[PDB]
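Have a look at this one before I ask anything.
Residue numbering begins at 1 within each chain, and the chains themselves are lettered A, B, C, D, E and F in the order written.
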Amino acid sequence: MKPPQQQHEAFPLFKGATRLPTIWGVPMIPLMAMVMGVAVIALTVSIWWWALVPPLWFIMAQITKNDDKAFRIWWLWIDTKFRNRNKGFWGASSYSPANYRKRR
Amino acid sequence: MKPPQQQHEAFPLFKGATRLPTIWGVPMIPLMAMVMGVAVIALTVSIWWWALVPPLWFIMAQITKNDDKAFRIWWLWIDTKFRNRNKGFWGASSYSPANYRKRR
Amino acid sequence: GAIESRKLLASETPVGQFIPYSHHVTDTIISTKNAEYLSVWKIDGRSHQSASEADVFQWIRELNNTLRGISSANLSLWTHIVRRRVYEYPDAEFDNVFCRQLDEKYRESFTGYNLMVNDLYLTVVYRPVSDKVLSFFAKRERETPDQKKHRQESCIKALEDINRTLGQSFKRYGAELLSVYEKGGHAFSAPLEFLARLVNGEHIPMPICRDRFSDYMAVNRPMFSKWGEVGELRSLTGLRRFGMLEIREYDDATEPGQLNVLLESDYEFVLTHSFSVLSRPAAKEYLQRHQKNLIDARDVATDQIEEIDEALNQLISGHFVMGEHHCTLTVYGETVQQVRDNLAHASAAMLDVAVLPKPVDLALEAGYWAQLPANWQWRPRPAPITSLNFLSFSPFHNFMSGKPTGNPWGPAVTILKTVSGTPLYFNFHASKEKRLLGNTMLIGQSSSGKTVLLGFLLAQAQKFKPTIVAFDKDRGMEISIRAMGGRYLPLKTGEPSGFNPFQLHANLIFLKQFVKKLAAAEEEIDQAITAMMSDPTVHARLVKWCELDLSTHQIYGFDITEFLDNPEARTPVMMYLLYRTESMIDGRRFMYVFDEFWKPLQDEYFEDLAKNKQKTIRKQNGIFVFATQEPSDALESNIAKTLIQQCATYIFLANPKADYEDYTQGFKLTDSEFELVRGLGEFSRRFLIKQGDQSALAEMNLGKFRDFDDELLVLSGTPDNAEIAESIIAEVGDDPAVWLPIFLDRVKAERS
Amino acid sequence: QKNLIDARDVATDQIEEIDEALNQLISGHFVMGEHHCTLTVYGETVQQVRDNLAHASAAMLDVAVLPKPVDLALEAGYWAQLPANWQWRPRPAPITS
Amino acid sequence: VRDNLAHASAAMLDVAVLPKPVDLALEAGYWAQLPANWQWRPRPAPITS
Amino acid sequence: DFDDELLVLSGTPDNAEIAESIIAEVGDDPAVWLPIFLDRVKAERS
């Protein structure tokens, strides 16, 4: 049925895949985006620019502790499925096998 | 006599069946009923409405620590054996196998 | 009053509220008022009395491992060990005096022995979503009728997958799926009969009509007591009082079979186990509550910490899931006192093992409706238990008990007592070795009980009026054959029997007669004898030194002990006899019966004919019954390989000179089985029956029980007794088989 | 038809059968009426009456008809026998001619 | 294909690994199949050799 | 299925000699001769 077997002769993983890089409970790159957004708010107003940071940051931390590095998935979606055009025309995202007809 | 045998090759239960859900020594649902009763008293008077809560709550806690989740048994009794009518006529609770004769 | 009756029934509450069932959506799957699709498995449990201690744990581990894949929060299991009195087995009807009297005595021998047999039913449901709260919110919304069809299709696919996996997991067990069976131009529902038995207390066939299953399911009025622990069902057949019981405390150990003590007992009951599996989130939450309350130790116990620490690691990485469990036992009795004392006995039996039960009161109807597989909400006392512990509570162990009625050829041929105490309904047809195989091999070591057992089986199998052809040894069954309607045809030396070597297509048959007649050869006589057969120096010598009527009787024999030296006698003898009886095979029921394999080995082509002809006759009411007095040398035969492979029912008689090697390599049986078998000392009557994969140490006895006086001598085989009884038969000379009394006078010398 | 449609579990066989019967009603010109059937056995003693009821139920269940025993409203059912006693009918059910 | 995925998830859950269907990254996971696509790794995790 | 081929694949002295008797009777290089032997299968496959 399966070559798998219940044996204690194991190579432990140590579960270091949960302790992926983080600084204050969040990966730095999404937190870099949070800082960029806080600066964007600071362009509009300084009173609540720093104030908006703890809410978003806490949301990031609590999401990451649930399912780590989901932000990479979010970025991949935004980059690939979102940016594609003519999604409605084909009924789904499509990529022409052939190159640009003009290409000039 | 019995396939049962005195062996230490056991699958312990851990006795987590005693540590059933509780918040302040009682399951929340019966305690929800206690809060509803306290509010019912608060409809009549506010002086002893909150005062009546600790006695009933302590009774709930001490009953539950003795035999846990007995309140489910109480609710089942109230729902099924109590609500049934014509108990005296049949000498016991009865349920007609046939449907309503009119059913109109 | 007439108006009063109307206003009363208008007040009366129907029972259809508590029976959540509806149309068969699939042939094997039942619907539910709340879309909880159901399927019932009828399981023939594994035999546990073999007492192989480590193998029980191995079985539990394997069941858990196979269940792991199916284990998901959308699932549940309800196990029902229904133990019932049997009425289906009918008293046999007989013509011959000897067999009828043996039947009468044996039936009288069971006054005071329990005939109840327990059969196990597992019902698995598939609730779509097991959300703790979101289910309530979703329940109060309308849905698209096409999307309800989508839920139907997905649920049916999932449940079919579950059933396939379970059937593959239960190969060693019975693993029979109850489905629709049609009878009389109208469809019926086999699963409905089981649920009715749970709710009605009696097996009532349930036709499937256009209306919903719930409205017309119940035909008996239940009357649950007020302020009582028992209830009464009012029915046309009778009034049944049922008492319920509940388990309130558990132990850690869960050594498998903690509930097996209830199986062998004298009170009819129904045992329920529901295992509503619980999702791993809630599972680790429940575990963490106990973990924390232990961490609140104040030096409560040091060991328990490292007893629970492994729990997290095993839950995350093991193959088990937590569950919700309640056990309810419903004893059926005809009087209030009897059911109460039965409950006392059952509570004593449960308290024997480490569980502590408490009778259910104020929740009698709740516990009773909890018996139905689809009743989620009526669980009286759900508790969190490990899956391993659930398999420990319900290990599908069962004392083997063959089918009493419904077997091929009708009812079970005999009822045999068992050492454990559960009566065994013996029958030749076994599930695995299409038409069921009836082969049997009665291996044994020089015990006359082989002759006695075989004669008793023949006399009792006379009930079907089947054609039987016997090849006995040492004049063992001459008296038994003569007792019923039959001709012995003794093949004594010095007088050729009624048949001459000639026969009266036919040339094709006698062709092989010429070939076997060729001894002391074989190339020039390939057709030079054939031409004379159209119509050999030693051949006419054998013809001069040779030193029949069929179908008028039902039983036959052949005194074939003589031909243990020269097969060129034995080989043509078997060839002619088998070809003779071949005609009567297709006429009606047939049971070939033998007493040796080395004379069949002497044929050297009986295997060539048998390899297909055993299938051919087996298709049309054919049965072999094989015997062996020297099992050790039996398997050495080249044909013995086919003999062991084709066997369906394996019966072993006490062999002090038992072989581990042979009984392991062939005669496939476990090491604990072999230890049990060799444990039988010489002359012990008990004989293991491995009917199918399950086995049981059934025994037969004939001693005075408060009888068998004449039959004890007749069943046995003795050369002195047989020859003397032949002297009586010569004196009486009466075809009226009832002639027995005249011989009963000559019993004076032997029975003095 | 609507009542059968409004359910948690959809049975495609029964709804199709009822729709077919609806179509047949106009075309196969059979009338429908309220129907009820009662069997009133006779036995000298109640035990004999119960035995007769059991035998009748077994004979009926040999066919695919399941009798529902009457424990109460036997008065109504018996008075239903007299012609023109519509009101005392236990449970009329519309049945095709 | 959906029922095949259900079967495969059951088979993976048989052993101690716990899978989850990939959503919003279907093209990322699909391009990750190509041996040279470093950047499209959907869920890289640190494991022992 | 395989009804004729089950006997043909196997090897038995009796079967082989008898089939040689058929081949002697038929005497046909047309290897398709199989049906004629299929009649003599009556005794063995009875």
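Just so we're on the same page, a contact is a pair of C-beta atoms (placed from the backbone, for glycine too) under 8 Å apart; a residue touches a chain by one contact, two chains touch by 3 or more.
Once subunit C is excluded, the chains joined through touch sort into A, E | B, D | F. Between A-E and C-F, more C-beta contact pairs join the chains of A-E. Separation between the centroids of subunit C and subunit E, computed from CA atoms only, is 48 Å. With each centre defined as the average position of its C-alpha atoms, the distance from subunit B to subunit D rounds to 41 Å. With each centre defined as the average position of its C-alpha atoms, the distance from subunit B to subunit F rounds to 82 Å. Across the assembly, subunit E contributes residues 14 that each touch 2 or more other chains. Contact of a single residue of subunit B with at least two other chains is seen at positions 96-99, 101-102. Every pair of chains in contact is given here: A-E, B-C, B-D, C-D, C-E, C-F.
Partner subunit C is touched in their complex by these residues of subunit E: 3, 7, 10-11, 13-14, 16. Taken in their complex, subunit C has these residues touching subunit F: 508, 511-512, 605, 608, 612.
Contact residues of subunit C toward subunit D in the complex are 2, 5-6, 8-9, 12, 22-23, 25, 31-35, 37, 145, 148-149, 152, 183-188, 204-207, 209-210, 216, 219, 221, 234, 236-237. Residues of subunit E touching subunit A in their complex: 14-15, 24-28, 40, 42-43, 45-48.
The touching residues of subunit C, when paired with subunit B in their complex, are 6, 8-18, 48-49, 51, 53, 56-57, 215, 218-226, 228, 231-232, 248, 250-258, 260-261, 264, 286-287, 289-290, 293, 307-308, 311, 352-353, 362-366, 378, 380-381, 383-386, 388-389, 392, 395, 397.
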